Amino acid sequence: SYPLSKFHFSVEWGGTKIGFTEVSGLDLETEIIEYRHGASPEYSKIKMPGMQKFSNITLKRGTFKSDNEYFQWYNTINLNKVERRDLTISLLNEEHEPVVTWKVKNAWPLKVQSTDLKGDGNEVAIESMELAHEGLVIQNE
Amino acid sequence: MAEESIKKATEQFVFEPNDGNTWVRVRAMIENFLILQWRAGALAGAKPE
Amino acid sequence: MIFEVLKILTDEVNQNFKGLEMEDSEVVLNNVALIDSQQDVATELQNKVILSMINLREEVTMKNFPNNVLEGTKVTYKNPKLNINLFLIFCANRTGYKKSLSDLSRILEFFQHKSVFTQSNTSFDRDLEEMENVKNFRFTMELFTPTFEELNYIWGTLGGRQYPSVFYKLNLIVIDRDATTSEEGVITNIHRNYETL
Amino acid sequence: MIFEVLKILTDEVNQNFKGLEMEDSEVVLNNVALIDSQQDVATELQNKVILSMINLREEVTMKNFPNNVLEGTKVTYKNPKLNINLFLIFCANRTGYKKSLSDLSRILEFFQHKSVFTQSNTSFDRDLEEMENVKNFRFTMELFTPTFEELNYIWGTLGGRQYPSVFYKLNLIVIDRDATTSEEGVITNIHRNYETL
Amino acid sequence: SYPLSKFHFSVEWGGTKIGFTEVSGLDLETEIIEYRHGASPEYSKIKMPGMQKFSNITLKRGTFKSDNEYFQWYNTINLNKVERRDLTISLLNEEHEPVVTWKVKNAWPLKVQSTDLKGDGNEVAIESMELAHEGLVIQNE
Amino acid sequence: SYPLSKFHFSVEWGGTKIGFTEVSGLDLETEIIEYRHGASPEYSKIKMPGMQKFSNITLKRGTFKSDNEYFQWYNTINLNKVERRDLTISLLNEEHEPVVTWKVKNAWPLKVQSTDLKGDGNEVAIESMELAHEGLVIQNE
Amino acid sequence: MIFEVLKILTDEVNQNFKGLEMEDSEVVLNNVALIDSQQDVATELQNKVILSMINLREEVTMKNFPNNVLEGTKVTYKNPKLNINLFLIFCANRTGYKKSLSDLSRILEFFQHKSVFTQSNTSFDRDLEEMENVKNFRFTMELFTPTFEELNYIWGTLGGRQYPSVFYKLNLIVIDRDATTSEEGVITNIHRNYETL
Amino acid sequence: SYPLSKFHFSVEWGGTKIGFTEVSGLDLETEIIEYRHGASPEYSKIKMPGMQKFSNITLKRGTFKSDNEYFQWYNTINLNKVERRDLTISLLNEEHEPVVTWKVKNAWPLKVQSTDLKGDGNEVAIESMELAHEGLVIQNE
Amino acid sequence: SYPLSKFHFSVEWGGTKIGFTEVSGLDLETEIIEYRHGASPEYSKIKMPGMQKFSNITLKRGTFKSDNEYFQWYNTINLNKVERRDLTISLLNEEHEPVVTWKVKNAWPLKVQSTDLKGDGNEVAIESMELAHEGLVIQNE
Amino acid sequence: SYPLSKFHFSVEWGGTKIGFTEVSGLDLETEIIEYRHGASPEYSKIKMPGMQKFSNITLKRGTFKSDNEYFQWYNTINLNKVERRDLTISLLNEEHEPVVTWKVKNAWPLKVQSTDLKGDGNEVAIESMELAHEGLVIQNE
Amino acid sequence: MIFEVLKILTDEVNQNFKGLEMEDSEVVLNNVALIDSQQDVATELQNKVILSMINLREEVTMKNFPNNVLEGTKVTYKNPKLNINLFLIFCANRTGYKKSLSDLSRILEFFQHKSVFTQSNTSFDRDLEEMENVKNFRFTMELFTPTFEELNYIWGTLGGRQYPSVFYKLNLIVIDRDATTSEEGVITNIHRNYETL
């Protein structure tokens, strides 16, 4: 058929703007359990799945005037309480409709990083955020 | 018992091409079955060979 | 299919200049490297926009796909198809420098609005005799902007004197002879022999 | 909008030379690579300052922004807008070498004082017929100084013989056809069905 | 004779498509046991083979519309249960017939990684999978 | 709209000069607390926010005659005592007014680094300072 | 064997143009770097496709193989054989630019279908006097697509003005003089002497 | 005189073919024993040789049809048993006679690594083997 | 004003020659002490200065005939005794007068490194020395 | 005066040939002892010299026919016995006379490394040796 | 000894063409960079194979070897000898392109069989007056194949238009004036004085 490209995408996160520059960290991983008893004629181990793990998601975008959304979400931490959100990330075709969707439950931010300030170059300001979550389901149909 | 399992392994190729790609897959399926039976102690021999 | 895709693309840009009532702008298929060669080809290039092919690549994700056909109790064997990406340039060569900058805006505006081209989309003349081999196609256009080191590589093979230009990347021309190598019949009898070892 | 932004910028520099009572210095829009080409264009370039466009890039932070419009109980769909940065050169080509170094100081002094240009700021002639498509704009100018390796790349595509020059970087020309692809009505009825599974 | 090249190959994994971009991790390794008693006139050790090990296999391919095979295999993990498959990887000649075959038993996936999303480049989407298994036999005849 | 650039900025630190070359280290981070009991049908953990952390800020500028400000602040350390200051860092627009401000409380220096001396190159002297602090608030309105 | 392999390859492409009833396309063996040299060779290159050799490499995996022969009770010693890979170009130089893009599709279509060439496969004239040294051969053809940095290196040694082109990589030309250095007899008597040390 | 080059060599390992691409790991090493008593007027230690060590040898060559020699040697491992071989590696002159010879006793393979499969490049297949052994003697006369 | 450059400098160390090639390691650093009690409404720590540290200084110059000064200073180590010196390092202006001075007390050498010998290149011989010390004061007035 | 270059040198080691390609590892180093009592008004430590250390010396040269000197010295190790040698390394002027001499006592080899064998390149064979020793004195007069 | 080694090597290749009964192929010592210079040297280069020297290096492993002589009770001091490696090219410049590819195979076949050259091996004329300084020599020839980046460096200093070519690396030309700097007598008396300190 025709392979998909990765430069057209959108993110629904509960803010005003959905345009970002990069997304990373959409992975699934299971730990392994191994076993061997002494009477086996093979001298290697047998393997089983065990407990599951999820990794943190990083989002990056540019800095604009009168948009303090990253800091407003991070400011809802009060001792053990936070505002948890659903996160929907889609890969789009040429008529801007979803093709592959990543569905994330119970997300909250743990790290907010601002831009660094340099005098000599010509560069725009990028802000970054890291999210913790409790599960991910991939839909491609 | 062994025949029931092997039969199922070869029936998957009823209308498939009769060529090298098939012959390799058929052999691999059968040997994996027999290795496991050996590992469990059903068959005699120091090694599967 | 390289000439027929680029001839179709040349007609779509020329149709867009017609709807805007611009009677001076026309796109021509030739090569950019002979603009100032001063041998018999440069007189066709004057006061025109020139479209040219500068590179060829191969799509890697589809390289190991098979191409056999099953029908009834019979199989025919064929070679896998070849898939090719292109890299293109639009080079404006008008008499006035101000007129070249106006044509480059129109080409950037046209591909911003329409990026997918099919056999039902386009308005090329199907009855033409040079176009008798084309059946079904689909390709996309995507804007490509190089760095300063890459511009030195590109114009280093075209003369060393640049012109106002835009670069595009074309996706998936399919090249396939579709010839038969062999025919055989499928498996219909299975025999199993067992011995005690 | 590429020609119209650069034509507006050419008029602002020429107005600044007028207030300083310098009647010899004028900026012209043409391309630097044909200064010594000796074919019909070089006679216009002599004893002038030349402004040219050497590169194009795309702004990445605004690439995935949507462009739909909601009104009443109806939505119209449009394609996202294209945003472009430019890289420019001011090349002094006066008869005297001492006069070229004086004009480069004036251009450096002018952009030190004024760096933002809008439709209310500028003094170009609005009544002119070639400028009938411009409505609203805003761009900034920023000085760019390259290293020795970068100067070799830039003058490698312009001939290989440098001239006294300054480089600038222009921000945000907006390119958009603003055409409609579709129209639909919004959600007004919701139905929910439940079953015991 | 003539050496073999490594760009024409196929993978039988129980899915629909057999075309991939890269395969790695087809190795065999044995641990070592060492010994010396004090009366030996050599002042170094003697060496024996011991227990055996196998490494994980990584597979990569492109992302296509309506193909969610990677996630469908990973979704069969239920506590300690999974669907284990046989895996056959072949190196092909010019008339597309096998020459060197790697035969893998009892495979199941442990890591599924999606593409990252970037705005500035021109790149296709690649997905990757890591497999655990319990043995490998090489056939070249 | 239009993205912001990162080469025009100012720092109010209690000294005479406000012009610097680079600023880094303006981050916020929260540690994570995880939990699972044995009866849960999901085989992964749930996540909470816990204690918070701040990172050190680095400032760099050039070396000038008769300006020993870095060493004068570092010389106020007497056993457990120091002069703590408020720090205000702003990103400026074209008419030199603040847009994004970072507000820092209770800052004091812990590392002062001088330039290195080299004979062969053509380079100016840069001095650097590292600051510890007790909180950061971002204002963009 | 360099000339004889490339002369055989030139005949196979010319036979494929004959079966497609194209009477204008012919491939010629010459060098691409003299297309615009304007000294006595350029008149042969006009309106043709040109095949040329641009590089030579050595196969490393077969470098340390021995080459001795045993027969009876006698051994003859020889030097190891040399094995060479080639890098080739097909450069289209037709009068019309549209005709060059049509010939490049045919060459890409031909090697997609047939990639192995032997002494039994090919249709060259065995009776020709220049081909009296060829006995047994086998080589494969594989498409090669370079990056923008590599194209600058290749066309930097051919003039600096590119043409529509495809690149191929040829495998295993065997070069061997097959001369004898020495002859000796094998071991037939063994004597062992032991002493108490 | 004239220095020797390192591209013409041969390996006798008990297989059919003696042509390889690279050899590494031909080293000798002795551990050190140190001592000082408190009455010494020097304030450093004295040094003695102790026990000796040998490192593993790696061999690489190309992959050919109907040559499974690497796997046939590795398949002779049965619990603690293996087929141990003598290994002779020579550096040759222009008339193909030995000049420097490395003589290895009691070798057996512990790691066999196959090629990786990639679609985009033009590359030949290389296989590699790692050997354990119990001694090495260098002869150059 | 005008920034200072870093290629004109001098070192007074008790030897004959004052011209060197590079100086590094002129730093000041204080360790940190942290505290929190359980009743605080902020969930982060408060910070204090503690003990202070100094780093070693490295000096490099060229090798000349009849100058063994580096080895003569290192040869004064007798058990716990050494000759300790004062060290004065100055940055100079165009009329060769001091501008920024680093004043070091109680210095003695701990590492002396000679040049390496190479046959193929064209390179001069550089010697290097590392110094331990007990304090540093910066004067810029 | 005029600086010295480092490409003309000789080594006297008890062998036949004195020409080498590179020498490294001619260093001197002393460990440090630190102290502070609680009543001191300075909050840093005082420093003393302690025990001394020497590092290993590496020598490299080319491989020649009928020269097995490296292996002949290494073959004199018998349990705790070895042949210890004096080592004299000189830097030479234009009339080939010594200028800077390094004098080494009680040297013996601990590592001997042969060349690696590669087919594709054009490279000569280099052998390397590592030496342990018990002291070094530098003479430049 | 640079001219005399290359003159000997030129005669060995010309003798090999004679034994194969080829009366058109001759190798000439000149420089490749003046093939199309069109000033008085190019007429000698036409329809010939040209051998040239492109680089010089120094052997590092023999650099610090001494060169003194002991005889009787007397020593003479000399400077160390210089040892040099060469890099060479064989460039075919025949009238026909097919004839150049045939000569390159013969040169590759010749060095495959014979790679060591001594004063007893070769067939050059010893009686010739220009060769009166040569006494004893030994050198080897080894084939060198560069990458695409290296070919751009090599042909960048020879014009920028390549020809069919092979590259070789020559080992160990010895350069030594063998002059005496000093003479002295050896140690024959030893005196030792002891004191109680």
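The chains carry the letters A, B, C, D, E, F, G, H, I, J and K, assigned in the order they are written, with residues numbered from 1 in each.
Everything that follows uses one rule, which is that a contact is a pair of C-beta atoms (placed from the backbone, for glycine too) under 8 Å apart; a residue touches a chain by one contact, two chains touch by 3 or more.
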Proportion of interface numbers common to subunit I and subunit J (over half same, under half different): different
More contacts between chains, B-C or D-F: B-C
Repeated interface matching A-D, over half of the contact pairs identical, chosen among D-F, H-K or C-E: C-E
Centrality ranking, top chain (CA atoms only): E
For subunit D paired with subunit G, centre-to-centre distance based on mean C-alpha positions, whole Å: 52
Inter-chain centre distance, subunit C versus subunit J - centres from mean C-alpha coordinates, in Å: 65
Centre-to-centre distance between subunit G and subunit E (centres being mean Cα positions), rounded to whole Å: 36
For subunit J, residues contacting two or more additional chains: 7, 9, 20-21, 43, 50, 52, 62, 119-120, 122, 124
In subunit K, residues with contacts to at least two other chains: 60-64
Touching two or more other chains - residue numbers and ranges from subunit B: 19, 46
Residues of subunit I that touch subunit K when the two form their complex: 119-120
Subunit F residues within the subunit A interface of the complex: 1-7, 9, 20-24, 26-30, 32-33, 42-44, 46-50, 52, 89, 91, 99-100, 102, 138-141
For the subunit J and subunit K complex, residues of the former touching the latter: 7-10, 17-21, 61-62, 95-96, 122, 124, 126
Subunit I contact footprint on subunit F (complex, rising order): 50-54, 62-68, 71, 74, 77, 80-82, 106, 108, 110-125, 132-135
Complex contacts: residues of subunit G adjacent to subunit E: 59, 61-62, 115-116, 138, 140, 171-172
